[PDB]
S.K.: 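Provided herewith is a single structure, encoded as structure tokens, for subsequent inquiry.
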Amino acid sequence: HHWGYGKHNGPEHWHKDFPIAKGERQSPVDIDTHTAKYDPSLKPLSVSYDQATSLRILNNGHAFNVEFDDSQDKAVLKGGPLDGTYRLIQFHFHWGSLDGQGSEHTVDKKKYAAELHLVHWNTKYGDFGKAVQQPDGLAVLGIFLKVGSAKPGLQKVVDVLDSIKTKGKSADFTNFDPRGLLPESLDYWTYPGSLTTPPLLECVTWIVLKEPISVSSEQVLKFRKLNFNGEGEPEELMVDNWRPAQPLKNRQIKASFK
Ligand SMILES: NS(=O)(=O)c1ccc2c(c1)S(=O)(=O)NC2=O
Ligand SMILES: [Zn+2]
């Protein structure tokens, strides 16, 4: 009886195995744009993905991850609310069964069709494993996806999904450039939070971009063909793999723009 997104193992059940689910800095959260405040202390955000080297794509039964080689300082995120350098290790998405839902964070309660998470770990901790034991160990760059024109840069990901349909399947995925998934503007909201799936660790500095990228109905439809189940098992379409907004509690969301 593993955690998941269904009626009997979904988000409302996670707290039993992971009590931190009811913690003080859980994610995602609704971003109230009127309550968010411009923060002058935020430094310019730097997203340097020029030397990023992707390696493989994997269906882990919850979503699909595009993993990168993070043994050298290559694809890094810095600036903004961050102290130091954070290294890109993987990116994945959360999406819905319909275009009207799918994102984890919401903006004034608005849900987007999907949300892209580019996960980075703080290099001061030596490796990802040590980073997830720290309160400032991770930084996740979140980008909303809305349905409209296709995103050319996402098609290569869309086309390889047929090869990793079920849980446990992976495929070589080299030379993918994540710069093709970024919107024009880097304006963002930031707050301290957690991983949005078990183990729900509170080690994340969230940086959520205000400008969403547009993807086509056809591209998101292909996300919905993936399976939560493993090969040979009853088919459970991989849809609505998102966690709803959690209590903001004692936190303030800061904006990088006026
Ligand atoms: N959805 S997310 O908060 O980016 C996230 C959720 C789970 C995990 C991550 C990110 S991780 O740091 O790559 N390892 C995980 O288990
Ligand atoms: Zn995620």
Side-chain angles (χ1 to χ4, degrees), residues 1-21 26-28 53-70 88-99 101-104 111-119 121 127-129 132 138 140 142 145 154-176 178 181 194-201 204 215-244:
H1 186 79
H2 188 279
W3 70 268
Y5 291 95
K7 172 181 176 192
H8 297 90
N9 64 1
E12 304 311 304
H13 289 278
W14 300 348
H15 74 98
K16 285 172 285 177
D17 276 334
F18 307 91
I20 197 176
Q26 287 290 290
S27 295
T53 172
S54 61
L55 302 169
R56 185 182 72 152
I57 188 171
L58 164 80
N59 177 328
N60 60 26
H62 309 292
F64 66 81
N65 291 352
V66 168
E67 311 162 343
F68 293 76
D69 177 346
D70 63 337
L88 177 69
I89 180 166
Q90 60 108 322
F91 73 73
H92 58 275
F93 306 78
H94 295 270
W95 60 93
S97 57
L98 308 160
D99 296 355
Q101 61 196 57
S103 61
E104 298 209 292
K111 295 175 162 84
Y112 287 86
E115 186 173 327
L116 167 61
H117 287 163
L118 292 126
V119 186
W121 54 275
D127 68 48
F128 172 91
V132 300
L138 301 173
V140 184
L145 275 63
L154 174 68
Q155 198 54 42
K156 284 182 171 174
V157 175
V158 173
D159 288 336
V160 77
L161 297 185
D162 73 282
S163 74
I164 58 161
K165 177 179 178 175
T166 47
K167 178 178 55 184
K169 293 206 164 175
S170 75
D172 294 319
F173 202 65
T174 55
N175 302 291
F176 177 75
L181 301 174
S194 69
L195 299 176
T196 65
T197 74
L200 305 165
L201 307 179
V204 187
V215 301
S216 70
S217 179
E218 293 83 349
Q219 294 178 311
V220 73
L221 274 169
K222 296 191 178 179
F223 276 22
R224 310 192 182 117
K225 289 190 170 174
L226 291 168
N227 288 183
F228 277 129
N229 55 287
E231 173 177 21
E233 312 187 317
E235 179 176 52
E236 288 183 33
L237 294 183
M238 183 177 276
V239 295
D240 295 314
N241 56 349
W242 51 279
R243 183 192 201 193

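For the single chain, residues carry numbers from 1 onward in sequence order.
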S.K.: Hey, what's the ring geometry for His2 with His62, parallel, tilted or perpendicular (30° and 60° as the breaks)?
M.R.: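 Judged by the thresholds at 30° and 60°, the geometry between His2 and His62 is parallel.
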S.K.: When rounded to the nearest 0.5 angstrom, what distance separates CZ in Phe176 from CZ in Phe68?
M.R.: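 Going from the CZ atom of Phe176 to the CZ atom of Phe68 covers 7.0 Å.
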S.K.: Return the set of residues passing side-chain hydrogen bond (donor to acceptor under 3.5 Å, both in side chains) with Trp95 (not counting sequence neighbours), or none when no residue passes.
M.R.: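 Not a single residue meets the side-chain hydrogen bond (donor to acceptor under 3.5 Å, both in side chains) criterion with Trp95.
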S.K.: Could you name each residue pair satisfying salt bridge (charged side-chain N to carboxylate O under 4.0 Å, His left out) that touches residues 158-167, not counting sequence neighbours?
M.R.: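 Salt bridge (charged side-chain N to carboxylate O under 4.0 Å, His left out) check on residues 158-167 returns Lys165-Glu235.
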S.K.: Identify, with sequence neighbours excluded, every residue that meets side-chain hydrogen bond (donor to acceptor under 3.5 Å, both in side chains) alongside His15.
M.R.: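 By the side-chain hydrogen bond (donor to acceptor under 3.5 Å, both in side chains) rule, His15 matches no residue at all.
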S.K.: Look up atom OG in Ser54 and atom CG in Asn175, then write down how far apart they are to the nearest 0.5 Å.
M.R.: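 Reported to 0.5 Å precision, the distance equals 6.0 Å.
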S.K.: Can you name the nearest heavy-atom pair linking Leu138 to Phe128, along with the distance?
M.R.: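 Between these two residues, the closest heavy atoms are CD2-CE1, 3.8 Å.
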S.K.: Kindly say whether the aromatic ring centers of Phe173 and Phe64 come within a distance under 6.0 Å.
M.R.: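 Ring centres of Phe64 and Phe173 not closer than 6.0 Å.
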S.K.: Of all residues at least two apart in sequence or in a different chain, which pass the salt bridge (charged side-chain N to carboxylate O under 4.0 Å, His left out) check with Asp99?
M.R.: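 For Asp99 the salt bridge (charged side-chain N to carboxylate O under 4.0 Å, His left out) partners, ignoring immediate neighbours, are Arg224.
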S.K.: With rounding to the nearest 0.5 angstrom, report the CG to CG distance, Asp70 to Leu88.
M.R.: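 The CG atom of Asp70 sits 8.0 Å away from the CG atom of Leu88.
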S.K.: For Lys169, give me all partners under salt bridge (charged side-chain N to carboxylate O under 4.0 Å, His left out), at least two apart in sequence or on another chain.
M.R.: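 If we apply the salt bridge (charged side-chain N to carboxylate O under 4.0 Å, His left out) test to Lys169, skipping adjacent residues, the hits are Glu231.
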S.K.: Let's go through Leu145 and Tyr112 carefully: what are the C-alpha distance in whole Å and the side-chain angles of both, what is the deciding distance for side-chain contact (heavy atoms from CB on, under 4.5 Å) to 0.1 Å, and is it a yes or a no?
M.R.: CA-CA 6 Å; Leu145 275 63; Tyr112 287 86; 5.9 Å; no
S.K.: Which atom pair, heavy atoms only, marks the closest approach of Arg243 to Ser194?
M.R.: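 Result for this residue pair: NH1-OG, 4.4 Å.
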S.K.: Once side-chain hydrogen bond (donor to acceptor under 3.5 Å, both in side chains) is applied, do any residues pair with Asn65, and if so which ones, sequence neighbours excluded?
M.R.: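 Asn65 satisfies side-chain hydrogen bond (donor to acceptor under 3.5 Å, both in side chains) with no other residue.
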S.K.: Can a donor-acceptor pair be found between the side chains of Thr166 and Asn227 at a distance below 3.5 Å?
M.R.: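 The criterion, which ignores hydrogens and geometry beyond distance, is not satisfied for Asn227 and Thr166.
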S.K.: For the CG atom of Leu118 and the CG atom of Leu181, what is their distance to the nearest 0.5 Å?
M.R.: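 Here the rounded value is 7.0 Å.
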S.K.: Is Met238 close to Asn59 at the side-chain level, that is, under 4.5 Å between some pair of heavy atoms?
M.R.: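 A side-chain contact exists here, since the closest heavy-atom pair is under 4.5 Å.
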S.K.: Counting only heavy atoms not in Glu233, do more than 12 sit closer than 6.0 Å to its CD atom?
M.R.: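 Yes, because the 6.0 Å sphere around CD of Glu233 holds more than 12 heavy atoms from other groups.
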S.K.: Under the criterion side-chain contact (heavy atoms from CB on, under 4.5 Å), I'd like the reasoning laid out for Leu58 against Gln90: C-alpha separation, chi angles, the key distance, then a yes or no.
M.R.: CA-CA 10 Å; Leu58 164 80; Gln90 60 108 322; over 6 Å; no
S.K.: Got more than 12 heavy atoms from elsewhere within 6.0 Å of NE2, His1?
M.R.: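 Atom NE2 in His1 is crowded, with more than 12 foreign heavy atoms closer than 6.0 Å.
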S.K.: Testing the basics here: between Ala63 and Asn241, what is the closest heavy-atom pair and its distance to 0.1 Å?
M.R.: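 Where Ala63 meets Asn241 most closely, the heavy atoms are CB-ND2, 3.8 Å.
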S.K.: Relative to each other, are the rings of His117 and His92 parallel, tilted or perpendicular (30° and 60° limits)?
M.R.: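 The rings of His117 and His92 stand perpendicular, inter-plane angle above 60°.
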S.K.: For the residue pair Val157 and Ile57, what are the closest heavy atoms and their distance?
M.R.: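 Scanning both residues completely, I find the closest heavy atoms to be CG1-CD1, 4.3 Å.
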S.K.: Side-chain contact test, heavy atoms from C-beta onward, threshold under 4.5 Å: evaluate it for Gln101 versus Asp240 and give yes or no.
M.R.: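 SC-SC contact between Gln101 and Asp240 confirmed.
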